[PDB]
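For reference, the structure discussed in these notes is given below.
Every number here is computed from the coordinates shown, using simple stated rules; none is lab data. Positions of Cβ are backbone-derived with ideal geometry, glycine not excepted, and every protein chain shown enters the neighbour counts.
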Amino acid sequence: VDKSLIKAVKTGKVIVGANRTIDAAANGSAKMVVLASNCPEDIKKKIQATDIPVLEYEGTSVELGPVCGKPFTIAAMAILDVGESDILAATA
RNA sequence: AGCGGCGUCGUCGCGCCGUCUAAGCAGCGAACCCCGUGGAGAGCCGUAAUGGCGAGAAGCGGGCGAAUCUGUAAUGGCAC
């Protein structure tokens, strides 16, 4: 998993940031959304109800970035193309 | 700089004063803040400075929003 999570971004389409993740969930192009332990649910329960799967990450948005190669923090990380990976299978 | 007085004037052409205009009414609105887009990292954008940023930067549109300024208030006062 330690390498599958990296390869999901190394050889896969993802969009980082809550705004773009919510847009991807709204328009359906995202296979799923990965959310950190600190992300609220006031807007997120709607995308939970929607057919877009919601994966929960084991750590905060601060440390979700370094494991996905981003120097910044990531809260919502909707994926577009799984690519050379089965992160969707890992989620559900 | 122009204009109108006063002063000086042994030589010079300088020195001084004035050359005005309220509130109200109407118009614009800097910063901050907010809204819509945007997607920025072997990093970018700022400030006098501290800083800001995928929990969404820059850039681009909109809204809100000052002092003051502009007109009007004009046929007032001034050696009209």
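With the crude spin-label approximation of a point 7 Å out along Cα→Cβ, what separation in nm comes out for A:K3 versus A:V67?
1.8 nm
At 4 °C and 1.567 mPa s, grab the translational diffusion coefficient of the stretch A:40-92 from Stokes-Einstein with a Kirkwood Rh over Cα pairs, rounded to a whole number in µm² per second. Please report the intermediate quantities before stating the final value.
Values: Rh = 12.4 Å.
Result for D is 104 µm²/s.
How would A:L35, A:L88 line up from fewest to most surrounding beta-carbon atoms within 10 angstrom?
Numbers: A:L35 25, A:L88 14.
Fewest-to-most Cβ neighbours within 10 Å comes out as A:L88, A:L35.
Using the Karplus equation 6.51 cos²θ - 1.76 cosθ + 1.60 (θ = phi - 60°), what ³J(HN,Hα) coupling, rounded to whole Hz, does each residue of the stretch A:76-85 give in order, writing x for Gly and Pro?
10, 9, 3, 9, 9, 10, 5, x, 7, 5
What residues have an amide H closer than 5 Å to that of A:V34, excluding those fewer than 5 places away on the same chain, when H is modeled at 1.01 Å from N in the peptide plane?
A:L55, A:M77, A:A78, A:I79
Would you list, by chain and number, the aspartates and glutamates whose Cα falls below 17 Å from the Cα of A:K45, excluding same-chain residues fewer than 8 positions away?
A:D23, A:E56
Would you mind checking which residues have amide H under 5 Å from A:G83's amide H? H placed 1.01 Å from N; only 5 or more apart, or other chain.
A:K13
State the volume of the convex hull built on the alpha-carbon positions of chain A, expressed per residue in Å³ and rounded to an integer. Present the calculation step by step, with values, prior to reporting the outcome.
Numbers: hull volume 7.5 nm³, N = 92.
So the per-residue Cα hull volume is 81 Å³.
Read phi for every residue in the stretch A:27-41 and hand back ³J(HN,Hα) as whole Hz from Karplus 6.51 cos²θ - 1.76 cosθ + 1.60, θ = phi - 60°, with x for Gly and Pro.
Computed from phi, the couplings for the stretch A:27-41 are 8, x, 5, 8, 5, 6, 10, 9, 10, 7, 6, 10, 8, x, 10 Hz.
If you take every residue apart from A:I43 with its C-beta less than 15 Å away from the C-beta of A:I43, what net charge results, scoring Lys and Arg +1 and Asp and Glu -1?
Details: positive: A:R20, A:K44, A:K45, A:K46; negative: A:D23, A:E41, A:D42.
Combined, the nearby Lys, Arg, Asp and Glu give +1.
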